[PDB]
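Input: a single structure, listed below in structure tokens.
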Amino acid sequence: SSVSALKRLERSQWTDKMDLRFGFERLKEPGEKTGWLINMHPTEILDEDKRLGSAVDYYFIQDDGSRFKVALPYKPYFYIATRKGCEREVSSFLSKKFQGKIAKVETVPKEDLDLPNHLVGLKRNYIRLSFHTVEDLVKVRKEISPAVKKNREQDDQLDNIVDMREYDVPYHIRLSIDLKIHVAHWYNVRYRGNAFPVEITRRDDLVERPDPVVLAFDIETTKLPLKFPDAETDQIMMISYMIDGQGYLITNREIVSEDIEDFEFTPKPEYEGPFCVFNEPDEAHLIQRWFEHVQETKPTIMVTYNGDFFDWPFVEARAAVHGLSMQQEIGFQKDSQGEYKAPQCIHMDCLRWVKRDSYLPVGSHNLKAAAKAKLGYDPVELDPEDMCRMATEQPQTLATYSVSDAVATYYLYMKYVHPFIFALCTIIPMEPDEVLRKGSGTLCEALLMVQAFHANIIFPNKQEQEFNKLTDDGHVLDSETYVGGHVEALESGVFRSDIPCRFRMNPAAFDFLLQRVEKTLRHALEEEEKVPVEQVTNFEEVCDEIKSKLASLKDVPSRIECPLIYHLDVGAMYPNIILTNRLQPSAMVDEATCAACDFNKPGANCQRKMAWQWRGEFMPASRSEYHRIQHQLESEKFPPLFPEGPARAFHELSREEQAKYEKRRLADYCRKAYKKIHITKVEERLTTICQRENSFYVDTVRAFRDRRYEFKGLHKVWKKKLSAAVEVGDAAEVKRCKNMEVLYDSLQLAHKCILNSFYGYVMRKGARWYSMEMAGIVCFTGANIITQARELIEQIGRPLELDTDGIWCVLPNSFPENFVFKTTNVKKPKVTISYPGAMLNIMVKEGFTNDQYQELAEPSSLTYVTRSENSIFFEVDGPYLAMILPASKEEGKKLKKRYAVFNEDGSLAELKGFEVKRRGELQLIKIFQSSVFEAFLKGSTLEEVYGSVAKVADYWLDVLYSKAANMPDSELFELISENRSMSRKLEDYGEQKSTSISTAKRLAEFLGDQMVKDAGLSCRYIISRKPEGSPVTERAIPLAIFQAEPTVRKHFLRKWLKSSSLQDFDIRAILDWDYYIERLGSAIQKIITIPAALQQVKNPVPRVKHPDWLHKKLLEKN
DNA sequence: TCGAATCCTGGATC
DNA sequence: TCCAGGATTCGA
Ligand code: SF4
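With the authors' numbering as the guide, the letters of the first sequence map in order to residues 27 to 181, 213 to 1175.
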């Protein structure tokens, strides 16, 4: 171990060497300094006693370019419980047993959560242990844990030690929790000298923030035609990097036909950067010149795009050929988890953020689309085939293409990413790297621990999953879940602000509105506005108008009228529900606990109970039969992980094989023994939610809720101040106000994201605070509110669409919608209020409001308040110009969200369900889809809308029948092809056949075994016809064949069809034309014809026929 | 002959 | 990280 420690000291020395190369010279001198706490790492440090001890390492940057590092020693600890009266004796045992291997032992009382008679104020002991090094702590934990395990199986001296807690918190987190240290604040640090620890203090009077230098790059390489490049055999053609707004380019003049002149490029005036070209006589000197320039630049942050698959692996695999090592020059390296990470600068990557937090629709994640959407311009693309040749004949064009991804990457990172990561990281104590890479699961627990810590609460141990949980009746379960909410389209069609439609409204329904109007408007003012009604100058006038309009509604219960459209949305419903009932993961107490809580006395108001729906899924085997098969397994013998190891009795096996062996044998038992093997069961359970557990969780959510609204307020203020800076045009003020605006914008979004995360954690597998019932109560009662709204709205008018958290609906144009009250209050003389909002925000109030909120008055008194609180509110979006909602071809099928809607300005304001296509898609259908939406804006009434549609939709179906011979021949390939690409290598597929596999086979005879010989394949193909009735999987032929030499093309065409005598050989004859007509027929069916028939319009295309079921229904009804 | 139940493999921006 | 889509098997 001493040699291992010496190796760790060598690692330390090497890291100090690199930090010196990057100017992160350690602090040595007594004094105080101020700086920005950019990054931190763990490292172990030798003390003045020459004992190696664990430490953490903090990196700072000044307001100038100077930089420094400081290190803190701090001994980790973990807790063990005890049986009664053991603590002193057990302490003497441990200190005898582990002398020199534990540093200190201590007795501390703590707030348990599960201790009976909890809230009277009792608490239990724990023992704290302290260690010099994490190695020794690990080794002692490995020794200790089995002795607890044996006791839990029962549930010398070690038999008395019962439990242990917080044994697995990452060490570099621990410090930040204990010392309140957090990143991207300003800090002030003083070093007294080695006789003292460093003293470190947070600032909060400084808000202006420094700017780190930022660099990004991209790399362009050779490849061989029709395969992926080889890390060992391909070579580099050009490399380009953008830094602080200046572009640099380098290129391989041994490959490029001519050297490149320095030039300039800008897609939009925002994106300023020009470029400059270095040039070199050989490839190796490219990489040497790169590493020299980056060493001289010594930049702190380094942004790439998808740094896993390609770039760093490539530059590494072509370092060794010339004896280079970036792991010496820059000091980057791979790590056990697979990614690249480095001692002193942090590798950062937009793609993780795009995946995790963009909310862009699926399949738009491809770089060009994401850039276009966020940055608002179209970057241009060349086919990766053509680019390799183009190098030979027009270099300037290739350089002008390749440069673009530098600019796009740099500005994407700066404008969107860089405000977000640090701002969010101001709240949550991890490193800027982990918070970007981590999922939203672990992150929220990494916050929540802070609160649990300062409340002095001992953490629970991880909720490791059980195996084959037995049911209450003794059935073997396989799974459990809460019954979800659902989404469906209630009806389908097209709707517009200006085309007549029909309604029936129940004539008695409006009565239940008109008899409550005044109260409702009172609530609408007093609940939301909080302006006293005594300020209102015209309260009666508007109510009298509304009454008259509701009377006009009652006068004609069924009507022909133009429709409105609105979207009703319960913004952030789930957090509000959690705030509304005092749900806490600790507080869903069982009933048995109320056998002991001294507060459970007659007149107790504190019990509150709610119901949720649970799903079982279980096999039919009875409890005695599982034991009967166990008594068969008791005889059996199994091979261990290596058959060279001794064969194991069932006693010796690990659980993860036992469980599968018994489960499969019980399954094969049932498969014969019972007629059906899985039972699915729904059951309704009633749970009690303890109203008086410690409040810290809800107080956390409340704090975040209110802070978000404060920051949105300040963001609005600063956006106004920015508008004033734009008017004044003073660059200094523009700089200041824009930097404030972006700061608040980022911090506001960050709080939104974390607040949405607060729901998703509590269901996650293995989470520390886990409880199925937290999903149950909140989800079910949430869906229950939607049913109330649906039941209310369907009497007034048809609901079109029913979201997870909202509704789309029509209302009749005559229905009252929006009003202005007038008042004396100079703060707000007149106020606008929307009538559906008032209706919903009163209807929810009567049922949902909570009568049972409680809160503690004085810890020593145990006097408690009673209170009521509510925070569900509906919100109204609309109107919208037009809406389209397609329907699936099948009889009565259910759906998933698919719709579109349009703004009055003609923008496609929202769409959903029209995915960007997984696995690739034909171009023709793509153009058809985007084209047809253009038609719907035109037309007078129902017939004329389709009169517009048909005179565009016909245009393609004519082209396919005609073959449009006038069209240039290459465009058909552009118009019909598929680019489906595959990842395995041919022999990985085995004895199998598929369009891809058959393509892989047929292609090879063009050029040989090379394309099978190495991994992955990419191709383009079309469907052949003449071998009719063999399925399409066999009929595909690769496009490449057309380009081949005429006699070879003849030979293979005469082979691949089994065609004996063919004389005509061109795509016009050979295409399986009408297969693509079927592709068209199966599109145009679902978007147009079915909708048109569903609302009784003539079949809008003679060429296509209704699916037979629809025809038989339509003929029966007419 | 016709309808329902069960077990299986793939998905990642490429 | 499990949902969705097709093929196989059993009942009437
Ligand atoms: S229901 Fe009442 S008595 Fe029972 S644990 Fe909760 S607060 Fe205590």
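Note that CB positions come from ideal geometry on N, CA and C, so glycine has one too.
Backbone CA spacing between residue i and residue j [nearest angstrom]
i: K974; j: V544; result: 22 Å
i: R553; j: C619; result: 8 Å
i: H735; j: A716; result: 18 Å
i: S118; j: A706; result: 41 Å
i: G839; j: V646; result: 22 Å
i: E523; j: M299; result: 52 Å
i: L913; j: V922; result: 6 Å
i: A629; j: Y754; result: 17 Å
i: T290; j: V989; result: 48 Å
i: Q1049; j: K95; result: 60 Å
i: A992; j: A1097; result: 38 Å
i: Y1012; j: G935; result: 35 Å
i: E115; j: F124; result: 14 Å
i: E713; j: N525; result: 11 Å
i: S780; j: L806; result: 21 Å
i: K519; j: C654; result: 27 Å
i: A649; j: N657; result: 12 Å
i: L571; j: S871; result: 15 Å
Presumed contact (8 Å Cβ cut-off) between residue i and residue j, rounded CB distance
i: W347; j: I403; result: No, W347 and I403 are not in contact; Cβ-Cβ is about 20 Å, not under 8 Å.
i: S156; j: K101; result: 5 Å
i: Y397; j: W369; result: 5 Å
i: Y248; j: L469; result: Not a contact, Cβ separation roughly 40 Å.
i: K611; j: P659; result: Actually they do not touch by this definition, with Cβ atoms about 51 Å apart.
i: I617; j: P557; result: 6 Å
i: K738; j: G673; result: 4 Å
i: residue 193; j: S1081; result: A break in the chain separates 181 from 213, and the residue in question, residue 193, sits inside that break with no coordinates.
i: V131; j: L120; result: 6 Å
i: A374; j: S382; result: With a Cβ gap of about 12 Å, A374 and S382 do not count as contacting.
i: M940; j: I622; result: 6 Å
i: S945; j: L952; result: 6 Å
i: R231; j: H242; result: Wrong, their Cβ atoms sit about 19 Å apart, outside the cutoff.
i: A782; j: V791; result: 5 Å
i: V1006; j: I1145; result: 6 Å
i: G702; j: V460; result: Contact flag wrong, Cβ pair sits at about 60 Å.
Paired residues, beta bridge with residue i - DSSP
i: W243; result: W62
i: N309; result: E337
i: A939; result: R553 and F959
i: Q520; result: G823
i: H1163; result: The partner list for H1163 (beta bridge, DSSP) is empty, contrary to what the question assumes.
i: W865; result: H624 and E858
i: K284; result: Its beta-bridge partners do not exist; DSSP assigns none.
i: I1098; result: Its beta-bridge partners do not exist; DSSP assigns none.
i: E256; result: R247
i: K1169; result: Bridge partners of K1169: none, in fact.
i: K398; result: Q390
**Study point:** Below 7 Å from a heavy atom of the ligand SF4 - residues by beta-carbon
**Key:** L145, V646, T650, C651, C654, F656, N657, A661, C663, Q664, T745, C747, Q748 and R749
Practice item. Spell out a yes or no on whether the segment 840-858 and the segment 602-609 are touching, meaning 3 or more CB-CB pairs, one atom from each, closer than 8 Å. Key: no
Check your understanding: Below 8 Å, can you find three or more Cβ-Cβ pairs linking the segment 875-892 to the segment 624-641?
Key -> no
Practice item. Assess, as a yes-or-no matter, whether the segment 34-52 is touched by the segment 455-465 under the definition of 3 or more beta carbon pairs within less than 8 Å. Key: no
**Study point:** Cβ contact (3+ pairs, closer than 8 Å) linking the segment 515-535 and the segment 708-726
**Key:** yes
Review point. So does the segment 737-752 actually touch the segment 661-673, counting three or more Cβ pairs closer than 8 Å?
Key: yes
Review point. Contact between the segment 957-970 and the segment 995-1003: three or more CB pairs below 8 Å?
Key: no
Check your understanding: Counting Cβ pairs, one atom from each stretch, are 3 or more of them under 8 Å apart for the segment 124-143 and the segment 160-167?
Key -> yes
**Study point:** Cβ pair count under 8 Å reaching 3, the segment 855-867 against the segment 537-551
**Key:** yes
Exercise for review: Report yes or no: do three or more beta-carbon pairs, one from the segment 682-702 and one from the segment 755-773, lie closer than 8 Å?
Suggested key: no
Review point. Below 8 Å, can you find three or more Cβ-Cβ pairs linking the segment 231-240 to the segment 40-52?
Key: no
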